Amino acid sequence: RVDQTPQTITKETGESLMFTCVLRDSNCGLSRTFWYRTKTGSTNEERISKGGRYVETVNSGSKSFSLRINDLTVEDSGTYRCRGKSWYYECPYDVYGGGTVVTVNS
């Protein structure tokens, strides 16, 4: 229902990456989009807020939304997953992405 890409990422400190999720096999369009992060050692995924080095984009035309992270650090390693949900009674949904494992080296 939503294809998250890429599945694996390996980067060095200071660089940037970008995930992308696309809603497929649905008659509804994008509405509410979220991104989650699970750092190494964490016990509960934490929701990312849009701003500064965390740049989120939404393309309603192509049913795609992206997350860009700049100035990567070793602490940014972990798993990132997207979420798309809508409560529109004519076309409601709530689906998660396959996930992306990120490894930041130095």
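Note that residue numbering begins at 1 and tracks the sequence as displayed.
Stretches 41 to 49 and 73 to 81 differ in mean CA B factor, with 41 to 49 having the higher one.
The PDB entry assigns residue 13 a C-alpha temperature factor belonging to the highest third of its chain's modelled residues. Sort the modelled residues of the chain by CA B factor and residue 27 lands in the highest third.
Per the deposited record, the Cα B-factor of residue 97 falls in the lowest third when ranked against the other modelled residues of its chain. Among the modelled residues of its chain, residue 65 has a C-alpha B-factor that falls in the highest third according to the deposited record. In the PDB entry, residue 34 places in the middle third of its chain by CA B-factor.
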